[PDB]
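Notes for the one structure printed next.
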Amino acid sequence: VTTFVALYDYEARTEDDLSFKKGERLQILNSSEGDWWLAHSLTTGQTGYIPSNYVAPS
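83 is the number of the first residue of the sequence shown in PDB author numbering; add one for each residue after it.
Structure (C-alpha coordinates):
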(Lines of atoms letter the chains of each structure in order from A and count residues from 1; the text may use other names and numbers.)
(Lines give C-alpha, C1' and ligand atoms only; values in the text may rest on other atoms or scores of the structure.)
Protein backbone atom coordinates (compact mmCIF):
# COMPACT_ATOMS: atom_id res chain seq x y z
CA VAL A 1 0.00 0.00 0.00
CA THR A 2 2.91 2.37 0.76
CA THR A 3 6.59 1.70 0.02
CA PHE A 4 9.37 2.27 2.53
CA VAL A 5 13.11 1.61 2.62
CA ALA A 6 14.85 -0.28 5.41
CA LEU A 7 17.30 1.80 7.43
CA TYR A 8 19.15 -1.05 9.17
CA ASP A 9 19.60 -4.80 8.99
CA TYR A 10 17.06 -6.69 11.09
CA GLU A 11 17.05 -10.33 12.14
CA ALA A 12 13.61 -11.68 13.02
CA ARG A 13 12.82 -11.69 16.74
CA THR A 14 9.69 -13.83 16.45
CA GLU A 15 8.64 -16.54 14.01
CA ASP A 16 6.21 -14.00 12.49
CA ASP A 17 8.85 -11.32 11.91
CA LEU A 18 10.43 -10.47 8.58
CA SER A 19 14.21 -10.54 8.40
CA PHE A 20 15.59 -7.86 6.08
CA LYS A 21 18.72 -5.95 5.14
CA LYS A 22 19.36 -2.23 5.02
CA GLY A 23 18.14 -0.81 1.74
CA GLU A 24 15.36 -3.30 1.08
CA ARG A 25 12.19 -1.81 -0.36
CA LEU A 26 9.31 -2.83 1.89
CA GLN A 27 5.59 -2.51 1.20
CA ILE A 28 3.67 -1.77 4.40
CA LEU A 29 0.54 -3.93 4.44
CA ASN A 30 -0.76 -3.11 7.94
CA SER A 31 0.22 -0.64 10.66
CA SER A 32 -2.47 -1.16 13.31
CA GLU A 33 0.00 -2.61 15.85
CA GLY A 34 1.77 0.69 16.36
CA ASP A 35 5.52 0.11 16.68
CA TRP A 36 5.28 -3.15 14.68
CA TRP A 37 4.06 -3.08 11.08
CA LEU A 38 3.26 -5.95 8.71
CA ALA A 39 5.53 -5.64 5.69
CA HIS A 40 6.23 -7.37 2.39
CA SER A 41 9.78 -7.14 1.06
CA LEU A 42 9.87 -6.28 -2.64
CA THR A 43 13.58 -7.10 -2.52
CA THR A 44 13.15 -10.70 -1.28
CA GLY A 45 9.45 -11.49 -1.65
CA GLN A 46 9.10 -12.41 2.04
CA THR A 47 6.49 -11.09 4.47
CA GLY A 48 6.31 -10.48 8.21
CA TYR A 49 6.40 -8.04 11.09
CA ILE A 50 9.02 -5.29 11.25
CA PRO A 51 9.82 -2.54 13.75
CA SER A 52 8.22 0.61 12.43
CA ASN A 53 11.30 2.69 13.29
CA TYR A 54 13.46 0.54 10.98
CA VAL A 55 11.93 2.08 7.83
CA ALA A 56 11.52 5.46 6.20
CA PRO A 57 9.29 6.40 3.26
CA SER A 58 10.81 6.03 -0.20
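All residues carry an ideal CB built from backbone N, CA and C; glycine is no exception.
query	result
Check whether the Cβ atoms of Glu106 and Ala94 sit closer than 8 Å, and answer yes or no.	no
Are the Cβ atoms of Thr96 and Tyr136 separated by less than 8 Å?	no
For the putative contact between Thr85 and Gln109, defined by C-beta atoms under 8 Å, what is the C-beta separation to the nearest angstrom?	6 Å
With DSSP collapsed to three states, give me the class of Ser114.	strand
Looking at the unbroken beta strand (DSSP E) that takes in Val137, where does it start and where does it end?	137-139
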